[PDB]
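Visitor: What follows is coords.pdb, made up of PDB, C-alpha atoms and all ligand atoms:
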ATOM      1  CA  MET A   1      -6.702  71.613  -5.310  1.00  0.00           C
ATOM      2  CA  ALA A   2      -3.187  73.063  -5.266  1.00  0.00           C
ATOM      3  CA  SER A   3      -1.034  72.127  -8.259  1.00  0.00           C
ATOM      4  CA  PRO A   4       2.506  70.751  -7.915  1.00  0.00           C
ATOM      5  CA  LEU A   5       3.867  74.151  -9.003  1.00  0.00           C
ATOM      6  CA  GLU A   6       1.749  75.996  -6.440  1.00  0.00           C
ATOM      7  CA  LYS A   7       2.990  73.620  -3.737  1.00  0.00           C
ATOM      8  CA  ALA A   8       6.540  74.156  -4.988  1.00  0.00           C
ATOM      9  CA  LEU A   9       6.215  77.898  -4.429  1.00  0.00           C
ATOM     10  CA  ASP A  10       5.051  77.237  -0.861  1.00  0.00           C
ATOM     11  CA  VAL A  11       8.129  75.079  -0.281  1.00  0.00           C
ATOM     12  CA  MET A  12      10.362  77.952  -1.421  1.00  0.00           C
ATOM     13  CA  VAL A  13       8.766  80.182   1.211  1.00  0.00           C
ATOM     14  CA  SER A  14       8.575  77.701   4.090  1.00  0.00           C
ATOM     15  CA  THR A  15      12.130  76.388   3.657  1.00  0.00           C
ATOM     16  CA  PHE A  16      13.529  79.925   3.805  1.00  0.00           C
ATOM     17  CA  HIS A  17      11.841  80.665   7.138  1.00  0.00           C
ATOM     18  CA  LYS A  18      12.721  77.250   8.544  1.00  0.00           C
ATOM     19  CA  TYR A  19      16.220  78.707   8.847  1.00  0.00           C
ATOM     20  CA  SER A  20      15.878  82.507   8.748  1.00  0.00           C
ATOM     21  CA  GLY A  21      13.909  82.566  11.998  1.00  0.00           C
ATOM     22  CA  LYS A  22      16.629  80.943  14.108  1.00  0.00           C
ATOM     23  CA  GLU A  23      18.829  83.974  14.837  1.00  0.00           C
ATOM     24  CA  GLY A  24      18.931  87.767  14.578  1.00  0.00           C
ATOM     25  CA  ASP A  25      16.789  89.174  11.783  1.00  0.00           C
ATOM     26  CA  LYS A  26      14.091  86.502  11.656  1.00  0.00           C
ATOM     27  CA  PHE A  27      13.390  87.419   8.022  1.00  0.00           C
ATOM     28  CA  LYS A  28      16.927  87.047   6.668  1.00  0.00           C
ATOM     29  CA  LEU A  29      19.569  84.321   6.493  1.00  0.00           C
ATOM     30  CA  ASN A  30      22.868  85.008   8.219  1.00  0.00           C
ATOM     31  CA  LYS A  31      26.023  83.092   7.290  1.00  0.00           C
ATOM     32  CA  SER A  32      25.186  80.268   9.700  1.00  0.00           C
ATOM     33  CA  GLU A  33      21.549  79.890   8.641  1.00  0.00           C
ATOM     34  CA  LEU A  34      22.439  79.963   4.940  1.00  0.00           C
ATOM     35  CA  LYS A  35      25.027  77.230   5.457  1.00  0.00           C
ATOM     36  CA  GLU A  36      22.411  75.153   7.289  1.00  0.00           C
ATOM     37  CA  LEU A  37      19.810  75.556   4.541  1.00  0.00           C
ATOM     38  CA  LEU A  38      22.269  74.705   1.754  1.00  0.00           C
ATOM     39  CA  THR A  39      23.741  71.723   3.601  1.00  0.00           C
ATOM     40  CA  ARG A  40      20.400  70.255   4.676  1.00  0.00           C
ATOM     41  CA  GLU A  41      18.020  71.309   1.888  1.00  0.00           C
ATOM     42  CA  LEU A  42      20.307  71.477  -1.166  1.00  0.00           C
ATOM     43  CA  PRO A  43      22.886  68.700  -0.572  1.00  0.00           C
ATOM     44  CA  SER A  44      22.973  67.608  -4.232  1.00  0.00           C
ATOM     45  CA  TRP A  45      24.190  71.091  -5.165  1.00  0.00           C
ATOM     46  CA  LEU A  46      27.192  71.253  -2.832  1.00  0.00           C
ATOM     47  CA  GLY A  47      30.457  71.475  -4.774  1.00  0.00           C
ATOM     48  CA  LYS A  48      33.953  70.114  -4.163  1.00  0.00           C
ATOM     49  CA  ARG A  49      35.030  73.229  -2.255  1.00  0.00           C
ATOM     50  CA  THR A  50      33.581  72.881   1.253  1.00  0.00           C
ATOM     51  CA  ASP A  51      35.932  75.299   3.024  1.00  0.00           C
ATOM     52  CA  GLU A  52      34.836  78.445   4.870  1.00  0.00           C
ATOM     53  CA  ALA A  53      36.636  80.692   2.385  1.00  0.00           C
ATOM     54  CA  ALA A  54      34.610  79.159  -0.444  1.00  0.00           C
ATOM     55  CA  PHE A  55      31.359  79.499   1.486  1.00  0.00           C
ATOM     56  CA  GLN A  56      32.222  83.085   2.383  1.00  0.00           C
ATOM     57  CA  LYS A  57      32.653  83.825  -1.316  1.00  0.00           C
ATOM     58  CA  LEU A  58      29.207  82.405  -2.094  1.00  0.00           C
ATOM     59  CA  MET A  59      27.630  84.320   0.793  1.00  0.00           C
ATOM     60  CA  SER A  60      29.204  87.554  -0.439  1.00  0.00           C
ATOM     61  CA  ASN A  61      27.993  87.053  -4.014  1.00  0.00           C
ATOM     62  CA  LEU A  62      24.465  86.170  -2.884  1.00  0.00           C
ATOM     63  CA  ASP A  63      24.439  89.206  -0.579  1.00  0.00           C
ATOM     64  CA  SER A  64      23.853  91.698  -3.397  1.00  0.00           C
ATOM     65  CA  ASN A  65      22.915  94.730  -1.281  1.00  0.00           C
ATOM     66  CA  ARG A  66      25.850  94.094   1.054  1.00  0.00           C
ATOM     67  CA  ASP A  67      24.095  93.960   4.434  1.00  0.00           C
ATOM     68  CA  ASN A  68      25.771  90.692   5.454  1.00  0.00           C
ATOM     69  CA  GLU A  69      22.482  88.780   5.198  1.00  0.00           C
ATOM     70  CA  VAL A  70      20.565  86.921   2.489  1.00  0.00           C
ATOM     71  CA  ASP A  71      16.989  88.167   2.177  1.00  0.00           C
ATOM     72  CA  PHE A  72      14.133  86.404   0.413  1.00  0.00           C
ATOM     73  CA  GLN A  73      14.690  88.106  -2.947  1.00  0.00           C
ATOM     74  CA  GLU A  74      18.421  87.336  -2.987  1.00  0.00           C
ATOM     75  CA  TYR A  75      17.472  83.781  -2.021  1.00  0.00           C
ATOM     76  CA  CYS A  76      15.093  83.562  -4.998  1.00  0.00           C
ATOM     77  CA  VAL A  77      17.834  84.775  -7.351  1.00  0.00           C
ATOM     78  CA  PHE A  78      19.964  81.863  -6.139  1.00  0.00           C
ATOM     79  CA  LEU A  79      17.121  79.346  -6.457  1.00  0.00           C
ATOM     80  CA  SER A  80      16.459  80.590  -9.995  1.00  0.00           C
ATOM     81  CA  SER A  81      20.088  80.015 -10.971  1.00  0.00           C
ATOM     82  CA  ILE A  82      19.935  76.467  -9.618  1.00  0.00           C
ATOM     83  CA  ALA A  83      16.678  75.742 -11.449  1.00  0.00           C
ATOM     84  CA  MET A  84      18.347  77.042 -14.614  1.00  0.00           C
ATOM     85  CA  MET A  85      21.209  74.556 -14.235  1.00  0.00           C
ATOM     86  CA  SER A  86      18.655  71.757 -13.938  1.00  0.00           C
ATOM     87  CA  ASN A  87      16.890  73.064 -17.033  1.00  0.00           C
ATOM     88  CA  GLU A  88      20.153  72.992 -18.998  1.00  0.00           C
ATOM     89  CA  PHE A  89      20.456  69.320 -18.062  1.00  0.00           C
ATOM     90  CA  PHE A  90      16.836  68.787 -19.083  1.00  0.00           C
ATOM     91  CA  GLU A  91      17.106  70.488 -22.481  1.00  0.00           C
ATOM     92  CA  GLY A  92      20.256  68.559 -23.390  1.00  0.00           C
ATOM     93  CA  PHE A  93      18.167  65.433 -23.956  1.00  0.00           C
ATOM     94  CA  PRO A  94      16.426  64.447 -27.229  1.00  0.00           C
ATOM     95  CA  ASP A  95      12.766  65.497 -27.423  1.00  0.00           C
ATOM     96  CA  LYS A  96      11.344  61.982 -27.007  1.00  0.00           C
ATOM     97  CA  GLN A  97      13.725  60.954 -24.217  1.00  0.00           C
ATOM     98  CA  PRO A  98      11.970  58.426 -21.912  1.00  0.00           C
ATOM     99  CA  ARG A  99      10.726  59.660 -18.523  1.00  0.00           C
TER
ATOM    100  CA  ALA B   1      15.893  64.508  -2.414  1.00  0.00           C
ATOM    101  CA  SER B   2      14.716  67.261  -0.064  1.00  0.00           C
ATOM    102  CA  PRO B   3      11.350  68.960  -0.630  1.00  0.00           C
ATOM    103  CA  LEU B   4      13.208  72.027  -1.934  1.00  0.00           C
ATOM    104  CA  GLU B   5      15.255  70.048  -4.464  1.00  0.00           C
ATOM    105  CA  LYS B   6      12.072  68.365  -5.711  1.00  0.00           C
ATOM    106  CA  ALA B   7      10.260  71.709  -5.885  1.00  0.00           C
ATOM    107  CA  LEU B   8      12.940  73.120  -8.182  1.00  0.00           C
ATOM    108  CA  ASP B   9      12.547  70.112 -10.481  1.00  0.00           C
ATOM    109  CA  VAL B  10       8.777  70.635 -10.581  1.00  0.00           C
ATOM    110  CA  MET B  11       9.503  74.162 -11.799  1.00  0.00           C
ATOM    111  CA  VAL B  12      11.556  72.717 -14.653  1.00  0.00           C
ATOM    112  CA  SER B  13       9.058  69.997 -15.574  1.00  0.00           C
ATOM    113  CA  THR B  14       6.005  72.265 -15.509  1.00  0.00           C
ATOM    114  CA  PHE B  15       7.660  74.735 -17.891  1.00  0.00           C
ATOM    115  CA  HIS B  16       8.259  72.062 -20.533  1.00  0.00           C
ATOM    116  CA  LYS B  17       4.760  70.672 -20.140  1.00  0.00           C
ATOM    117  CA  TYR B  18       3.696  73.800 -22.017  1.00  0.00           C
ATOM    118  CA  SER B  19       6.770  75.173 -23.800  1.00  0.00           C
ATOM    119  CA  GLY B  20       6.960  72.281 -26.262  1.00  0.00           C
ATOM    120  CA  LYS B  21       3.426  72.708 -27.610  1.00  0.00           C
ATOM    121  CA  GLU B  22       4.003  75.471 -30.192  1.00  0.00           C
ATOM    122  CA  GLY B  23       6.914  77.209 -31.893  1.00  0.00           C
ATOM    123  CA  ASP B  24      10.191  77.337 -29.959  1.00  0.00           C
ATOM    124  CA  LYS B  25      10.492  74.095 -27.979  1.00  0.00           C
ATOM    125  CA  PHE B  26      12.172  75.850 -25.039  1.00  0.00           C
ATOM    126  CA  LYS B  27      10.169  79.077 -24.640  1.00  0.00           C
ATOM    127  CA  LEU B  28       6.587  79.972 -23.754  1.00  0.00           C
ATOM    128  CA  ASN B  29       4.623  82.001 -26.270  1.00  0.00           C
ATOM    129  CA  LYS B  30       1.590  84.051 -25.232  1.00  0.00           C
ATOM    130  CA  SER B  31      -0.798  81.117 -25.633  1.00  0.00           C
ATOM    131  CA  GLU B  32       1.396  78.679 -23.695  1.00  0.00           C
ATOM    132  CA  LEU B  33       1.972  81.112 -20.842  1.00  0.00           C
ATOM    133  CA  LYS B  34      -1.787  81.656 -20.586  1.00  0.00           C
ATOM    134  CA  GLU B  35      -2.279  77.881 -20.398  1.00  0.00           C
ATOM    135  CA  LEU B  36       0.419  77.426 -17.764  1.00  0.00           C
ATOM    136  CA  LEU B  37      -0.972  80.263 -15.656  1.00  0.00           C
ATOM    137  CA  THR B  38      -4.585  79.082 -15.951  1.00  0.00           C
ATOM    138  CA  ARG B  39      -3.973  75.379 -15.346  1.00  0.00           C
ATOM    139  CA  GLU B  40      -0.976  75.427 -12.997  1.00  0.00           C
ATOM    140  CA  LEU B  41      -1.387  78.759 -11.184  1.00  0.00           C
ATOM    141  CA  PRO B  42      -5.164  79.307 -10.933  1.00  0.00           C
ATOM    142  CA  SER B  43      -4.685  80.702  -7.418  1.00  0.00           C
ATOM    143  CA  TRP B  44      -3.097  83.752  -9.068  1.00  0.00           C
ATOM    144  CA  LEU B  45      -5.718  84.501 -11.727  1.00  0.00           C
ATOM    145  CA  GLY B  46      -7.380  87.911 -11.544  1.00  0.00           C
ATOM    146  CA  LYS B  47     -10.897  88.317 -10.174  1.00  0.00           C
ATOM    147  CA  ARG B  48     -12.245  88.830 -13.688  1.00  0.00           C
ATOM    148  CA  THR B  49     -11.116  87.936 -17.203  1.00  0.00           C
ATOM    149  CA  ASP B  50      -8.923  90.743 -18.525  1.00  0.00           C
ATOM    150  CA  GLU B  51      -6.998  90.369 -21.786  1.00  0.00           C
ATOM    151  CA  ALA B  52      -5.306  93.756 -21.369  1.00  0.00           C
ATOM    152  CA  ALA B  53      -4.058  92.677 -17.954  1.00  0.00           C
ATOM    153  CA  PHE B  54      -2.661  89.432 -19.338  1.00  0.00           C
ATOM    154  CA  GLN B  55      -0.915  91.191 -22.220  1.00  0.00           C
ATOM    155  CA  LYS B  56       0.653  93.561 -19.695  1.00  0.00           C
ATOM    156  CA  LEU B  57       1.946  90.598 -17.677  1.00  0.00           C
ATOM    157  CA  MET B  58       3.449  89.079 -20.825  1.00  0.00           C
ATOM    158  CA  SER B  59       5.222  92.394 -21.463  1.00  0.00           C
ATOM    159  CA  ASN B  60       6.561  92.580 -17.905  1.00  0.00           C
ATOM    160  CA  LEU B  61       7.997  89.066 -18.132  1.00  0.00           C
ATOM    161  CA  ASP B  62       9.535  89.468 -21.602  1.00  0.00           C
ATOM    162  CA  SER B  63      12.680  91.216 -20.343  1.00  0.00           C
ATOM    163  CA  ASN B  64      14.883  90.469 -23.375  1.00  0.00           C
ATOM    164  CA  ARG B  65      12.165  91.731 -25.735  1.00  0.00           C
ATOM    165  CA  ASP B  66      11.912  88.689 -28.030  1.00  0.00           C
ATOM    166  CA  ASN B  67       8.143  88.148 -27.716  1.00  0.00           C
ATOM    167  CA  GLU B  68       8.576  84.885 -25.784  1.00  0.00           C
ATOM    168  CA  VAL B  69       9.115  83.801 -22.174  1.00  0.00           C
ATOM    169  CA  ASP B  70      12.273  81.712 -21.792  1.00  0.00           C
ATOM    170  CA  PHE B  71      13.179  79.630 -18.753  1.00  0.00           C
ATOM    171  CA  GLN B  72      15.114  82.363 -16.927  1.00  0.00           C
ATOM    172  CA  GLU B  73      12.273  84.867 -17.350  1.00  0.00           C
ATOM    173  CA  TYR B  74       9.892  82.157 -16.132  1.00  0.00           C
ATOM    174  CA  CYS B  75      12.025  81.706 -12.995  1.00  0.00           C
ATOM    175  CA  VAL B  76      11.811  85.464 -12.407  1.00  0.00           C
ATOM    176  CA  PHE B  77       8.039  85.138 -12.806  1.00  0.00           C
ATOM    177  CA  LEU B  78       7.891  82.332 -10.226  1.00  0.00           C
ATOM    178  CA  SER B  79      10.266  84.245  -7.935  1.00  0.00           C
ATOM    179  CA  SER B  80       7.995  87.311  -8.103  1.00  0.00           C
ATOM    180  CA  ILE B  81       5.038  85.160  -7.070  1.00  0.00           C
ATOM    181  CA  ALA B  82       6.978  83.585  -4.197  1.00  0.00           C
ATOM    182  CA  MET B  83       7.994  87.077  -3.052  1.00  0.00           C
ATOM    183  CA  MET B  84       4.331  88.098  -2.860  1.00  0.00           C
ATOM    184  CA  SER B  85       3.511  84.922  -0.938  1.00  0.00           C
ATOM    185  CA  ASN B  86       6.416  85.835   1.331  1.00  0.00           C
ATOM    186  CA  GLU B  87       5.011  89.325   1.931  1.00  0.00           C
ATOM    187  CA  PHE B  88       1.860  87.561   3.107  1.00  0.00           C
ATOM    188  CA  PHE B  89       3.846  85.092   5.221  1.00  0.00           C
ATOM    189  CA  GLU B  90       5.687  87.919   6.996  1.00  0.00           C
ATOM    190  CA  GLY B  91       3.094  90.695   6.970  1.00  0.00           C
ATOM    191  CA  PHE B  92       0.323  88.888   8.829  1.00  0.00           C
ATOM    192  CA  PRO B  93       1.777  86.546  11.489  1.00  0.00           C
TER
ATOM    193  CA  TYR C   1      -8.228  82.946  -7.477  1.00  0.00           C
ATOM    194  CA  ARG C   2      -7.453  86.532  -6.458  1.00  0.00           C
ATOM    195  CA  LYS C   3      -9.846  89.254  -5.284  1.00  0.00           C
ATOM    196  CA  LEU C   4      -8.235  91.945  -7.443  1.00  0.00           C
ATOM    197  CA  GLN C   5      -6.828  92.604 -10.904  1.00  0.00           C
ATOM    198  CA  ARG C   6      -3.189  93.055 -11.880  1.00  0.00           C
ATOM    199  CA  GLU C   7      -1.425  91.769  -8.766  1.00  0.00           C
ATOM    200  CA  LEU C   8       0.874  89.603 -10.911  1.00  0.00           C
ATOM    201  CA  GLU C   9       1.671  92.758 -12.868  1.00  0.00           C
ATOM    202  CA  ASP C  10       2.478  94.658  -9.663  1.00  0.00           C
ATOM    203  CA  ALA C  11       4.690  91.746  -8.624  1.00  0.00           C
ATOM    204  CA  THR C  12       6.688  91.770 -11.867  1.00  0.00           C
ATOM    205  CA  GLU C  13       7.361  95.484 -12.319  1.00  0.00           C
ATOM    206  CA  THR C  14      11.033  94.981 -11.439  1.00  0.00           C
ATOM    207  CA  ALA C  15      11.352  91.867 -13.621  1.00  0.00           C
ATOM    208  CA  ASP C  16      14.053  93.499 -15.760  1.00  0.00           C
ATOM    209  CA  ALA C  17      16.298  94.234 -12.776  1.00  0.00           C
ATOM    210  CA  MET C  18      15.775  90.729 -11.398  1.00  0.00           C
ATOM    211  CA  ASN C  19      16.646  89.178 -14.758  1.00  0.00           C
ATOM    212  CA  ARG C  20      19.923  91.127 -14.791  1.00  0.00           C
ATOM    213  CA  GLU C  21      20.661  89.927 -11.246  1.00  0.00           C
ATOM    214  CA  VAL C  22      19.950  86.301 -12.138  1.00  0.00           C
ATOM    215  CA  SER C  23      22.088  86.553 -15.282  1.00  0.00           C
ATOM    216  CA  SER C  24      24.975  87.853 -13.182  1.00  0.00           C
ATOM    217  CA  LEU C  25      24.793  85.019 -10.651  1.00  0.00           C
ATOM    218  CA  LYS C  26      24.283  82.333 -13.303  1.00  0.00           C
ATOM    219  CA  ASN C  27      27.381  83.637 -15.085  1.00  0.00           C
ATOM    220  CA  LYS C  28      29.493  83.475 -11.922  1.00  0.00           C
ATOM    221  CA  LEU C  29      28.388  79.882 -11.356  1.00  0.00           C
ATOM    222  CA  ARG C  30      29.056  78.974 -14.994  1.00  0.00           C
ATOM    223  CA  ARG C  31      32.556  80.494 -14.892  1.00  0.00           C
ATOM    224  CA  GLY C  32      33.408  78.313 -11.900  1.00  0.00           C
ATOM    225  CA  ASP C  33      33.705  81.398  -9.699  1.00  0.00           C
ATOM    226  CA  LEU C  34      31.728  79.794  -6.860  1.00  0.00           C
ATOM    227  CA  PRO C  35      33.055  76.224  -6.393  1.00  0.00           C
ATOM    228  CA  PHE C  36      31.173  75.851  -3.097  1.00  0.00           C
ATOM    229  CA  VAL C  37      28.334  75.028  -5.489  1.00  0.00           C
ATOM    230  CA  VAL C  38      28.422  72.479  -8.310  1.00  0.00           C
ATOM    231  CA  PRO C  39      29.051  73.925 -11.800  1.00  0.00           C
ATOM    232  CA  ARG C  40      26.417  71.640 -13.351  1.00  0.00           C
ATOM    233  CA  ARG C  41      23.563  69.469 -12.097  1.00  0.00           C
ATOM    234  CA  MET C  42      24.882  66.283 -10.485  1.00  0.00           C
ATOM    235  CA  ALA C  43      23.390  63.033  -9.193  1.00  0.00           C
TER
HETATM  236 CA    CA A 101      18.059  85.083  10.669  1.00  0.00          CA
HETATM  237 CA    CA A 102      21.580  91.107   1.573  1.00  0.00          CA
HETATM  238 CA    CA A 103       6.890  77.229 -27.224  1.00  0.00          CA
HETATM  239 CA    CA A 104      11.802  86.877 -23.688  1.00  0.00          CA
END
Any chance you could put this one into structure tokens?
Guide:
Amino acid sequence: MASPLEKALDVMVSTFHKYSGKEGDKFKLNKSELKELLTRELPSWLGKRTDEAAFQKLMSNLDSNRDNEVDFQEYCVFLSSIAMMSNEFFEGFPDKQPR
Amino acid sequence: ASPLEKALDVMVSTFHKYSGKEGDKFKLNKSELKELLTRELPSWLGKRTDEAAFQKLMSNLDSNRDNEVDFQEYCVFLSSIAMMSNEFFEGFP
Amino acid sequence: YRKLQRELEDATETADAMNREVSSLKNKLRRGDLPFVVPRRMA
């Protein structure tokens, strides 16, 4: 019954907790868990800067309420931004582009 | 591609399945949003038909006030749904 | 479907704030501020 989009939403939820529940606050991603999730679940989105200083900068900017963790809402804000990049790729093509 | 990477692409593809039907090729009007919700998110439909409720949802989503739902606003919509599903995930173990 | 009315509405009451948060992050990524992530979709 579930549509692809409905299943997609379930993946957003389940992937988060695959990593958040490893250490400390089981409902938030610490630096280590975030790095795991990104590296294992979003490999196509990893940039040319792989250093800790670069990752720290991302962590800090995702951690909007400044509690040193990434909660589900902050995680969704990041996912949205990624989806938007993919959409910009999508909309660059002519309307009848083959697919 | 991981399940998560594929899921994000499904979000993109589903949007354009409906956005291209009328008017602006890259935004959802009221009619297109209603279609997307009904056909792709039936699990989130209200218990009874309620036009006033739908209009209110449209207004909530239309953050930039242009009478349409663009892709970013649609992501916020999907995020809001995921956040509710997450409340369920966490609230009742 | 749901057992109630207006849950999607409840869920999107802070949509404005979230949009402003997403815009901020998207902008940082676009500006190349966060090179740990790709600036544009890649293969
Ligand atoms: Ca944790
Ligand atoms: Ca935080
Ligand atoms: Ca349209
Ligand atoms: Ca709008």
Visitor: Extract, using all atoms listed in the file, all DNA, RNA and protein residues at most 7 Å from range 18-28 of chain C, discarding same-chain residues fewer than 6 positions from it, and format them as a PyMOL selection string.
Guide: (chain A and resi 77+81) or (chain B and resi 73+76) or (chain C and resi 34)
Visitor: Check the smallest atom-to-atom distance from each of B:28, B:7, B:37, B:84 to chain A using only C-alpha atoms, then report the winner.
Guide: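 Answer, going by the shortest atom-to-atom distance: B:7.
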Visitor: Return as a PDB file with C-alpha atoms, in the frame of the given file every polymer residue, whether protein, DNA or RNA, with at least one atom no more than 9 Å from an atom of ligand CA 101 (chain A); count all atoms listed in the file.
Guide:
ATOM      1  CA  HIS A  17      11.841  80.665   7.138  1.00  0.00           C
ATOM      2  CA  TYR A  19      16.220  78.707   8.847  1.00  0.00           C
ATOM      3  CA  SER A  20      15.878  82.507   8.748  1.00  0.00           C
ATOM      4  CA  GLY A  21      13.909  82.566  11.998  1.00  0.00           C
ATOM      5  CA  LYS A  22      16.629  80.943  14.108  1.00  0.00           C
ATOM      6  CA  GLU A  23      18.829  83.974  14.837  1.00  0.00           C
ATOM      7  CA  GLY A  24      18.931  87.767  14.578  1.00  0.00           C
ATOM      8  CA  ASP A  25      16.789  89.174  11.783  1.00  0.00           C
ATOM      9  CA  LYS A  26      14.091  86.502  11.656  1.00  0.00           C
ATOM     10  CA  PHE A  27      13.390  87.419   8.022  1.00  0.00           C
ATOM     11  CA  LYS A  28      16.927  87.047   6.668  1.00  0.00           C
ATOM     12  CA  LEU A  29      19.569  84.321   6.493  1.00  0.00           C
ATOM     13  CA  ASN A  30      22.868  85.008   8.219  1.00  0.00           C
ATOM     14  CA  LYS A  31      26.023  83.092   7.290  1.00  0.00           C
ATOM     15  CA  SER A  32      25.186  80.268   9.700  1.00  0.00           C
ATOM     16  CA  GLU A  33      21.549  79.890   8.641  1.00  0.00           C
ATOM     17  CA  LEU A  34      22.439  79.963   4.940  1.00  0.00           C
ATOM     18  CA  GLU A  69      22.482  88.780   5.198  1.00  0.00           C
ATOM     19  CA  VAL A  70      20.565  86.921   2.489  1.00  0.00           C
TER      20      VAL A  70
END
Visitor: May I ask you to write as a compact mmCIF listing (two decimals) with C-alpha atoms, in the frame of the given file all residues lying at most 12 Å from ligand CA 103 (chain A), with only C-alpha atoms and all ligand atoms counted?
Guide:
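The resulting result.txt:
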# COMPACT_ATOMS: atom_id res chain seq x y z
CA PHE B 15 7.66 74.74 -17.89
CA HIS B 16 8.26 72.06 -20.53
CA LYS B 17 4.76 70.67 -20.14
CA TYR B 18 3.70 73.80 -22.02
CA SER B 19 6.77 75.17 -23.80
CA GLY B 20 6.96 72.28 -26.26
CA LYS B 21 3.43 72.71 -27.61
CA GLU B 22 4.00 75.47 -30.19
CA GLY B 23 6.91 77.21 -31.89
CA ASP B 24 10.19 77.34 -29.96
CA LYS B 25 10.49 74.10 -27.98
CA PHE B 26 12.17 75.85 -25.04
CA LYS B 27 10.17 79.08 -24.64
CA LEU B 28 6.59 79.97 -23.75
CA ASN B 29 4.62 82.00 -26.27
CA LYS B 30 1.59 84.05 -25.23
CA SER B 31 -0.80 81.12 -25.63
CA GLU B 32 1.40 78.68 -23.70
CA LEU B 33 1.97 81.11 -20.84
CA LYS B 34 -1.79 81.66 -20.59
CA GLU B 35 -2.28 77.88 -20.40
CA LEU B 36 0.42 77.43 -17.76
CA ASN B 67 8.14 88.15 -27.72
CA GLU B 68 8.58 84.88 -25.78
CA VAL B 69 9.12 83.80 -22.17
CA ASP B 70 12.27 81.71 -21.79
CA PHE B 71 13.18 79.63 -18.75
Visitor: Might you pull out every residue within 12 Å of residue 7 in chain C, with all atoms listed in the file counted and same-chain residues fewer than 4 positions away left off, and present them as number ranges by chain?
Guide: B: 43-47, 53-54, 56-57, 80-81, 83-85; C: 1-3, 11-13
Visitor: Could you tell me, counting only C-alpha atoms and all ligand atoms, which protein and nucleic acid residues lie no more than 6 Å from ligand CA 102 (chain A), written as a ChimeraX atom specification?
Guide: /A:63-71
Visitor: Can you tell me, as a PyMOL selection string, what residues are no more than 9 Å from residue 57 in chain A when counting all atoms listed in the file, ignoring any on the same chain fewer than 5 positions away?
Guide: (chain A and resi 52+62) or (chain C and resi 33-34+36)
Visitor: Using all atoms listed in the file, which of C:42, C:8, C:15, C:29 sits nearest ligand CA 104 (chain A)?
Guide: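 Ranking C:42, C:8, C:15, C:29 by distance to ligand CA 104 (chain A), first place goes to C:15.
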Visitor: Report the distance between CA of residue 35 in chain A and CA of residue 61 in chain A in Å, rounded to one decimal place.
Guide: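 A separation of 14.0 Å between them.
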Visitor: Hey, can you check how far CA of residue 14 in chain C sits from CA of residue 72 in chain B?
Guide: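 Computing it gives 14.4 Å between the two atoms.
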Visitor: May I have the residues of chain A within 10 Å of chain B, counting only C-alpha atoms, written as a PyMOL selection string?
Guide: chain A and resi 1-17+26-27+37+40-45+72-73+75-77+79-88+90-91+95
Visitor: Give me the residues within 8 Å of residue 39 in chain C as a list in words, counting all atoms listed in the file and dropping any in the same chain fewer than 2 places off.
Guide: residues 47 of chain A; 29, 30, 32, 35, 37 and 41 of chain C
Visitor: Store the residues of this selection in a file with C-alpha atoms, as a PDB file, in the coordinates of the input.
Guide:
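Result saved to part-v3.pdb:
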ATOM      1  CA  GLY A  47      30.457  71.475  -4.774  1.00  0.00           C
TER       2      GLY A  47
ATOM      3  CA  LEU C  29      28.388  79.882 -11.356  1.00  0.00           C
ATOM      4  CA  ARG C  30      29.056  78.974 -14.994  1.00  0.00           C
ATOM      5  CA  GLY C  32      33.408  78.313 -11.900  1.00  0.00           C
ATOM      6  CA  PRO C  35      33.055  76.224  -6.393  1.00  0.00           C
ATOM      7  CA  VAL C  37      28.334  75.028  -5.489  1.00  0.00           C
ATOM      8  CA  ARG C  41      23.563  69.469 -12.097  1.00  0.00           C
TER       9      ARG C  41
END
